[PDB]
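Notes to accompany the following structure.
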Amino acid sequence: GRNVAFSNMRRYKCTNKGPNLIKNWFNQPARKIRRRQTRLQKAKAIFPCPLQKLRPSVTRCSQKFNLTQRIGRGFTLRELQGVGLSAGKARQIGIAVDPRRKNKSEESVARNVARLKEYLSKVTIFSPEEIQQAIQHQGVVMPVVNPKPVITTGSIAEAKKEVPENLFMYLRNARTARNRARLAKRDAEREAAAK
Amino acid sequence: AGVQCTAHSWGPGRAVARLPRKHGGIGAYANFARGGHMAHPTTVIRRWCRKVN
Amino acid sequence: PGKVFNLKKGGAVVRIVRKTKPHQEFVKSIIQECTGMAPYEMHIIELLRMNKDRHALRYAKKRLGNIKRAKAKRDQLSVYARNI
Amino acid sequence: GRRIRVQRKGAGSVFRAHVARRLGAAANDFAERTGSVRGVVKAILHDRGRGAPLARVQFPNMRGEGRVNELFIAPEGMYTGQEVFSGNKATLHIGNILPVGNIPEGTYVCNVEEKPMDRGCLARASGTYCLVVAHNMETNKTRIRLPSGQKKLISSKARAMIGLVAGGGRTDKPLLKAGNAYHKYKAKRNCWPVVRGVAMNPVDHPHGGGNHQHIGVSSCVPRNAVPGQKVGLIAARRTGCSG
Amino acid sequence: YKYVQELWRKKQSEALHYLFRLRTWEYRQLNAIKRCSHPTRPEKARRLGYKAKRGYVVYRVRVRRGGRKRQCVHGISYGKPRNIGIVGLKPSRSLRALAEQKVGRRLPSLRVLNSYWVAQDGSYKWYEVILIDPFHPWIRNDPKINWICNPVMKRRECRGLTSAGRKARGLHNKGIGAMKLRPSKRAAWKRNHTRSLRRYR
RNA sequence: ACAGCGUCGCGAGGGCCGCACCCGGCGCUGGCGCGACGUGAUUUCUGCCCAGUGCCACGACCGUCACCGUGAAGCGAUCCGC
RNA sequence: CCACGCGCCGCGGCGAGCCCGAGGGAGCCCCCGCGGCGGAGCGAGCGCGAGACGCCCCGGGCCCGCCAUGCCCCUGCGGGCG
RNA sequence: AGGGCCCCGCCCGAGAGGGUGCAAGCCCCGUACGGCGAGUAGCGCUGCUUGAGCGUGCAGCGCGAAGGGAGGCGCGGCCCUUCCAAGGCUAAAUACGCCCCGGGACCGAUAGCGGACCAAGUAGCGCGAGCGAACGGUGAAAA
RNA sequence: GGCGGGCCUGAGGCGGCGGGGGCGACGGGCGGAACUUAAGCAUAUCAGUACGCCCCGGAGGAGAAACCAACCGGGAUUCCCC
């Protein structure tokens, strides 16, 4: 016994009977081989065409990761006006379309409009030898790379006009403002009742 | 393994040992008894794969 | 708190994009003269006419469901008692 | 514990009526509603279990062809060949069936239908009679004194036989031996012998058994008791032999 | 049909109460599973997906209106105290589903689409099911309904794959609160309660 | 167990049981009947007690004791009532 | 015995870092590979948020929160200093 | 009886293996190697369930809308952000026996399937539901 | 009074075309325990488990928001890592 942190495990359920809940991964090498052949057969079905498709660049959701970008379901119709294409045409050129997606920023439309332009520039469309020697895209098309951060070498005096002196007080004043004003209503209300 | 048998202990006063006994009176379902389920059976859950950095 | 506190939120521009179908009302009037009122409603219109509306906002919430939809039932029913 | 004897009696297994070799079961047609249908008592036979003698009588098939035989618990006084008449205009005699309203006050009745055209209900036991006593023309309801003596109101169009059922005095005979009961109960359902509940072990009966064989708490059991609880005298207004 | 959708919305209205009073009376004096010549409510039939094509059959199944009584014998459930209930249990599936399952058993050859509501009486509710003949050449040679003759869609109503099933399983609710029943009520528990024992571990 | 002896419910739109329900037994019955109970052939009888605990009331509604309904309130849950 | 949590102890690599994750690479022991965990606490929470010393150990002294208290104040039921 | 030793060699894109009378790349088969949206949503009251907590999902009965739902503490009032319930279809990546194929740092006849045996769900036993054994090896050739 | 003609509900019969039952798995819909654990035991727990029942298919179910979130946002389903 002694100082053991309490076990957080869950007592085993249906161990010898009912649902088979033990699923050992003994096929991990085997599954990887199976997926590779299937991916290779799909690539052969359209030799010029890429196996995967261009996906939109989207900001990762939630404050913790909201400064980097990840690949998403599809380009919005407003982002398709930038490349001047209808939804069906976009499917023909390999652009996946999320009609539900709403940009939520004008800035969002622009990073996406740039991504759409590159696909249209890079792609070559054929309706014999060229198709044989085309070379398809291997990998996610244009995988988005979040850049590493930098130092911008600005001027100290110019930046000092922006911040109030004793910055801590300014941040605290607006952090506690809802509470501080609320006390003022309670405080004034207490005074109103008597005198 | 060894569990594919119906054996229930005979009980004291019959003279024979109280271990699961098949209808015949033949020992069954015991780590020692002939044909019995191994005391703790070997199982695939053992981690055959160690990990190296 | 339900949002992170950033004294300035908005380094990026934001999007600015965010009815009755009147023909149906014509369908409703034709049905209303063919059908009449609902029996719960006829009690509410009487309650509005003879005994206040506090009771006729309580009897609505009970016979219907929520206050927002009950206060509505008061408005639609109010016209019949007051107009005559 | 276990379901007591009364509980098992509902199933109908081993406790059913032994109705084999019974003679059979003992309609206001237009001709009998307007007038009276003549009949002849072909024979009087002994039904199994039923103490009262039955009778087979045949009346013409009003429907169109044949003679339709009937079975009727018979009133005392029947003769094979009796001109039994049933109907509104049937005269007052033993054996005749006429609507209770027509029956004159006091005329004994048997086989009184509770409701008009019920084809037989009250007073069909051995030596049991009813008494027509009061006719109210308003609702056309004539009070009869049921054998028990409780008086009910019977609709005038309900009909009944005139007279008292035969077999009168059957009970006023001591059986003397257990065998004579065995052979009365063989004909009827399996209910005899009856073992007392003070005799049974606690598991079988609520009166149950104890180191001294008693009924324990009072025999009286409420009218609202569950099916296992109703084992003593039920809803007893008074107990004891009195005056 | 817009003037027939609104007319019905006022069911408590005397007009339709007179109709319902006669319709409940006729259905009562009639058999349990009756084949209906026409869908008693055409607009509702068309909304659910009924066209007047050969190979589409309408059948009405009466269900008892009631709360569940367990099958435990003599009225007693011999288990731990929590399980001792027999008279006040409430059905798991809506009467709508019950009507479909009863119709599906009566005609196993036919396939069940959706079901509408036709009338109700304090003793029994009457749900009118819409069924489709999967073998008529018209149905197989019709692009829109061809999906019924797929053999995966055999016995939609026994496996609770109808709308009533999608209401009982709670599939209709989406988002927080159904997260633990989407793959299936049983599968989601199974996926969560599994020891992966990944090999490289 | 039994013959006998009592007690007790019940007039069928009813008693008393079956019974997951659908509904079945007594009942092809009808108070000289169906059931529920005791006691245990005759001869002779069967005292007194209703406090308690049972049971019973076309014995009333005193008080207490539910859901609905309904009053008063509060914006509304809800709460006080009757 | 075997899996799986947890507490230690020894060892191996690497060190403010570290990690055969699932996967993907004509790829299977080879390459590539995120959360995670640590790097900071404390408070129920709004939140506030550590430096001053030393081979080590131990204690002392201070510093950060949580809890009262005084003072001063500026961008005030807010900030500073005790 | 060499498939043994002892001298010597030969083929290898084949030295995986099995057979053959003793331990066989070269004695045989092989192996490498080729080719041809209304009785609804809601609400009340009960039951059922969930980690969902003045309620996660469901249902019974009562009662039942029109702009209505959600935002994880209720209840009203005011906004915001986001979606259209009460109709359906739809590949992929996921699961898994019988069945067939390969590999096992697997057990080697009281082991390993109950069952390695010419006839194991068999001989038997039990009214029945059901239970369920034991039993492999002569040699190079039956000579 | 009767007697035809349609419409509408309902009958018999024929023709074609389907249904049924079989799988120790996987997948759906149900009805649903208890030993066990709480060192007793009622809620809890085993467990939305066995078992009973009805269903398909090579997969099945699920699935294109009356979705998440609160951001310099995502955006059908299923499965994996966390």
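As a convention, Cβ positions derive from the backbone with ideal geometry for all residues, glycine included, and neighbour counts pool all protein chains shown. Please treat every number below as a calculation from the coordinates, not as lab data.
Points worth noting:
- When segment D:223-234 is filtered for residues that are touching a strand residue (DSSP E or B) at 6+ places or on another chain (Cβ under 8 Å) and within 6 Å of RNA strand F (Cβ to nearest atom), the ones remaining, listed by number, are D:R223, D:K230, D:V231, D:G232, D:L233, D:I234.
- Number of the exception - A:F47 against (1) within 9 Å of RNA strand G (Cβ to nearest atom); (2) farther than 30 Å from B:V3 by Cα; (3) surrounded by 12 or more Cβ atoms within 10 Å (Cβ to Cβ): (1)
- Exactly one residue out of A:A181, A:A159 is part of a helix (DSSP H, G or I), more than 10 Å from RNA strand G (Cβ to nearest atom) and either more than 14 Å from chain C (Cβ to nearest Cβ) or under 38 Å from the mean Cα position of the chain (by Cα) (or both): that is A:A159.
- Where a residue in segment A:166-192 is away from RNA strand H (no atom under 16 Å from the Cβ) and its partner, wherever it lies, is of a type in the set (K, R), with Cβ under 9 Å and at least six apart: A:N173/A:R180
- Cβ-Cβ distances below 7 Å connect no pair with a first residue in segment D:3-17 that is more than 14 Å from chain E (Cβ to nearest Cβ), a second residue that is of a type in the set (V, I, T) and within 16 Å of RNA strand G (Cβ to nearest atom), and a separation of six or more residues or different chains.
- In the set C:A56, C:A70, only one residue is over 18 Å from C:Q32 (Cα atoms) and under 11 Å from the mean Cα position of the chain (by Cα); that residue is C:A70.
- Residue, farthest from RNA strand G (Cβ to nearest atom), within segment D:227-243, restricted to residues that are under 21 Å from D:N201 (Cα atoms) and among the hydrophobic types (A, V, I, L, M, F, W, C): D:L233
- Screening the candidates A:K13, A:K17, A:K89, A:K104 for the property of being more than 16 Å from RNA strand F (Cβ to nearest atom) and assigned to a helix (DSSP H, G or I) yields one hit, A:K89.
- Test: residue in segment E:109-131 that is of a type outside the set (K, R) and within 8 Å of RNA strand I (Cβ to nearest atom): yes
- All conditions but one from (1) more than 15 Å from RNA strand F (Cβ to nearest atom); (2) at negative phi apply to C:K21; the one that does not is (2).
- Check on A:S121, closer than 13 Å to A:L54 by Cβ and loosely packed, with under 10 Cβ neighbours inside 10 Å: yes
- Any hit, segment E:86-106, residues being under 23 Å from E:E157 (Cβ atoms), acidic (D, E), more than 8 Å from RNA strand I (Cβ to nearest atom) and away from chain C (no Cβ under 14 Å): yes
- Scanning chain B for residues that are small (G, A, S) and surrounded by 12 or more Cβ atoms within 10 Å (Cβ to Cβ) turns up B:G2, B:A7, B:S9, B:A17, B:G27, B:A28, B:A30, B:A33, B:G35, B:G36.
Yes/no matrix, rows are residues, columns are (1) within 14 Å of chain E (Cβ to nearest Cβ); (2) within 16 Å of RNA strand I (Cβ to nearest atom); (3) basic (K, R); (4) not in a helix (DSSP H, G or I):
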{"site": "C:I16", "(1), (2), (3), (4)": "no, yes, no, yes"}
{"site": "C:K21", "(1), (2), (3), (4)": "yes, yes, yes, yes"}
{"site": "C:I30", "(1), (2), (3), (4)": "yes, no, no, no"}
{"site": "C:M42", "(1), (2), (3), (4)": "yes, no, no, no"}
{"site": "C:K61", "(1), (2), (3), (4)": "no, no, yes, no"}
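- Residue ID - nearest to the other protein chains (Cβ to nearest Cβ), chosen from residues in segment E:179-193 that are surrounded by 11 or more Cβ atoms within 10 Å (Cβ to Cβ) and more than 10 Å from RNA strand H (Cβ to nearest atom): E:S184
- Residue within segment E:6-27 that is in contact with a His (Cβ under 7 Å, 6 or more places away or on another chain) and away from chain C (no Cβ under 14 Å) present: no
- Count of residues meeting criterion [part of a helix (DSSP H, G or I) and either on the phi < 0 side of the Ramachandran plot or within 16 Å of RNA strand G (Cβ to nearest atom) (or both)] in segment E:73-102: 12
- A Cβ distance below 8 Å, combined with a sequence gap of six or more or placement on separate chains, defines the contacts here; from segment D:155-180, residues that are within 16 Å of RNA strand I (Cβ to nearest atom) reach no residue that is among the basic types (K, R).
- From C:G2, C:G65, residue being within 14 Å of RNA strand H (Cβ to nearest atom), closer than 30 Å to E:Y1 by Cα and away from chain E (no Cβ under 14 Å): C:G65
- Filter pass, E:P137 being within 14 Å of chain A (Cβ to nearest Cβ) and more than 6 Å from RNA strand H (Cβ to nearest atom): no
- Looking at A:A110, A:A134, just one residue is surrounded by 11 or more Cβ atoms within 10 Å (Cβ to Cβ) and within 14 Å of another protein chain (Cβ to nearest Cβ), and that residue is A:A110.
- Scanning segment C:44-54 for residues that are on the phi < 0 side of the Ramachandran plot and either within 14 Å of chain E (Cβ to nearest Cβ) or out of contact with any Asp or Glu (no Cβ under 9 Å at 6 or more places or on another chain) (or both) yields C:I44, C:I45, C:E46, C:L48, C:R49, C:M50, C:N51, C:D53, C:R54.
- Here E:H74 meets each of (1) farther than 30 Å from D:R3 by Cα; (2) loosely packed, with under 15 Cβ neighbours inside 10 Å with one exception, condition (1).
- Count of segment A:20-48 residues, restricted to those that are within 11 Å of RNA strand H (Cβ to nearest atom), of a type outside the set (D, E, K, R) and not in a helix (DSSP H, G or I), is 7.
- Qualifying residues in segment A:59-101 (those that are within 14 Å of the chain's Cα centre (by Cα) and within 12 Å of another protein chain (Cβ to nearest Cβ)) - the one nearest to A:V140 (Cα to Cα): A:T59
- Taking the criterion of being under 14 Å from D:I162 (Cβ atoms) and aliphatic (A, V, I, L, M), the residues of segment D:99-130 that qualify are D:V100, D:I103, D:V109, D:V112, D:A123.
- Of everything in segment A:9-58 that is within 13 Å of another protein chain (Cβ to nearest Cβ) and aliphatic (A, V, I, L, M), the residue that is nearest to the chain's Cα centre (by Cα) is A:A30.
- For segment A:77-89, the criterion of being crowded, with 17+ Cβ neighbours inside 10 Å, of a type in the set (S, T, Y) and in contact with a helix residue (DSSP H, G or I) (Cβ under 8 Å, 6 or more places away or on another chain) is met by no residue.
- Whichever residue in segment A:158-194 is among the hydrophobic types (A, V, I, L, M, F, W, C) and more than 15 Å from C:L7 (Cβ to Cβ) and, among such residues, is farthest from RNA strand F (Cβ to nearest atom): A:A159
- Taking the criterion of being part of a helix (DSSP H, G or I), more than 17 Å from the chain's Cα centre (by Cα) and closer than 17 Å to E:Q120 by Cα, the residues of segment E:20-51 that qualify are E:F20, E:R21, E:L22, E:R23, E:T24, E:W25, E:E26, E:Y27, E:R28.
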